[PDB]
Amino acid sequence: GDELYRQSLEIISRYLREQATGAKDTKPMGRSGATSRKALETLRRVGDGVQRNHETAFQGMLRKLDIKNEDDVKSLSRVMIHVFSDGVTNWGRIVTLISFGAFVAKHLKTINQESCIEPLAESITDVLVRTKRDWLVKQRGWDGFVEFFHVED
């Protein structure tokens, strides 16, 4: 859904691509870029931590998923939604979702399937924005995300 979707995709795509390669995208963001930059910095901090602390569970999940190609990415929606929509809603779960997205993006890079990353990012965004739309809006979106993880300074 429009601006929230566009911003969300921009953030999630840049994070996954950045994580898969070692490259930081210089191209401009768009309509709320300052916030998106802060969200991206926040992701570098918190998302990387989530990947280290959960590497075993993540490895298990990647293993069960058996992702080899773009069709495998395109068929993830139902598991993704099933795991994500269960339980409580908080920013930590959104971080887990995106962070596993990065874990997968690195795997895709490893097996020379870089082209799958952008569809992956799209799928995650679709899931996030459809399942949590009203909550995300109530939390002031990515502004709420940056504030939630703001490190007192």
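The first residue of the sequence shown is number 1, and the count goes up from there. Definition used throughout: the rigid core is the maximal C-alpha set that superposes within 1.5 Å between two forms.
- Relative to the displayed structure, the C-alphas of 51 to 59 lie farther away on average in 6 other deposited structures of this protein than those of the other candidate, with 51 to 59 and 94 to 102 compared after rigid core superposition.
- Remark: when the other structures in 6 other deposited structures of this protein are fitted onto this one via the rigid core, 21 to 29 deviates more than the alternative among 138 to 146 and 21 to 29, judged by RMS CA distance.
- Between 98 to 106 and 63 to 71, it is 63 to 71 that carries the larger average Cα temperature factor according to the deposited entry.
- Higher mean CA temperature factor, per the PDB entry, when comparing 31 to 39 with 109 to 117: 109 to 117.
- In the deposited coordinates, the residue among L9, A23, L136, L16 with the greatest CA B-factor is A23.
- Ranked by Cα temperature factor within the chain, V146 sits in the middle third according to the deposited record.
- Sort the chain's modelled residues by C-alpha temperature factor and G47 lands in the middle third, per the entry.
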